[PDB]
Amino acid sequence: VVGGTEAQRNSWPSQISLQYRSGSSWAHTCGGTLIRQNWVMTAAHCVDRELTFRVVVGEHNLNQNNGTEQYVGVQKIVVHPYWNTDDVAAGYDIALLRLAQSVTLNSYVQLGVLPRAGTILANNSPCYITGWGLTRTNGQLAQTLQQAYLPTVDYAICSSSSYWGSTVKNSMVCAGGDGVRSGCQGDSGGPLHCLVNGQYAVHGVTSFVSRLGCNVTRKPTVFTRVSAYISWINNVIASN
Ligand SMILES: [Ca+2]
């Protein structure tokens, strides 16, 4: 997250850290959202490579013990059937991870609230992006969970030639683009939390930013629109 601020420890309890094993140690690679005690929602491009993955819930500071973390391996990976790693602009950047064990819910670990199917947000709706991603283009990961206010940019405006144009589809949600705040490498797969009916719900899965850089004027961070995948998500969890 570029242009963000440290979030109050565990103020976004459904946020998870997706890590892979590198030799004898682990490394953060993506964010994710806990949607069931044993299911995590993240981006398909986060699991393109065949490595060993693990999920950490109740995390805040990646480098030290907070006394609230729970570590669990990934037992099954279900990527959307239409995902094409060579065409992220085509969409379908969403994957579901079945955890090897069910995590314990508590003050630091809670399930994320998903929107109703088909729900589209009005322009400039209040939302927040959270993650441990780069805090600057070509920079380095944040040690502590970061958050940034990132209001939405509706499809009409986002798909105009003045922004992303044809690159963005209705199956995506755009947010930010103020040139100061944005998601960045490492935030991928993470949530876009938006206030709806007095309640924060996860409306997006961080997917991509401009090739030119993370925080670019008129190049909002693009997210997979979760509300377009409710049926698929429900069919997978009630089958696996
Ligand atoms: Ca920690």
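All residue numbers given for chain A refer to Swiss-Prot; the residues shown span 27-266 in order.
Just so you know, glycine gets a Cβ as well, placed from its N, Cα and C.
Feature annotation from Swiss-Prot assigns disulfide bond to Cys56-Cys72 (among others). A simple way to gauge crowding: the CB of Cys72 (disulfide bond) has 25 other CB atoms within 10 angstroms, across all the protein chains here.
Sequence-distant contacts of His71 (active site, charge relay system), defined by Cβ-Cβ distance under 8 angstroms and a gap of at least six in the same chain, are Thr111, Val114, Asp119, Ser214, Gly215, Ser233. What Swiss-Prot lists as active site, charge relay system is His71 (among others), and the listing cites experimental evidence.
Per Swiss-Prot, Ca(2+) binding site is recorded for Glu85, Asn87, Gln90, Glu95. A strand conformation is recorded for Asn87 (Ca(2+) binding site) in the three-state DSSP classification. Using a 10 Å radius centred on the Cβ of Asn87 (Ca(2+) binding site) and all shown protein chains, the other Cβ atoms total 16.
Taken from Swiss-Prot, the feature active site, charge relay system covers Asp119 (among others), and the record attributes it to experimental evidence.
For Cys153-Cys220 (among others), the entry in Swiss-Prot reads disulfide bond, with the evidence type experimental evidence. Around the Cβ of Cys153 (disulfide bond), the number of neighbouring Cβ atoms within 10 Å comes to 26.
Sequence annotations record features per position, and here Swiss-Prot assigns disulfide bond to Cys184-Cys200 (among others) based on experimental evidence. Cβ neighbour count for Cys200 (disulfide bond): 25 (other Cβ atoms within 10 Å of its Cβ, all protein chains included).
Annotation comment: Swiss-Prot describes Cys210-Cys240 (among others) as disulfide bond. In the three-state DSSP classification, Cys210 (disulfide bond) falls within coil.
Residues annotated as active site, charge relay system in Swiss-Prot, with experimental evidence given as evidence: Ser214 (among others).
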Practice problem: Work out the three-state DSSP category of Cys56 (disulfide bond). | Solution: strand
Quiz item: Of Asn87, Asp119, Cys153, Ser214, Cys220, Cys240, listed as recorded positions, which ones have a Cβ less than 6 Å away from ligand 1?
Solution: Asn87
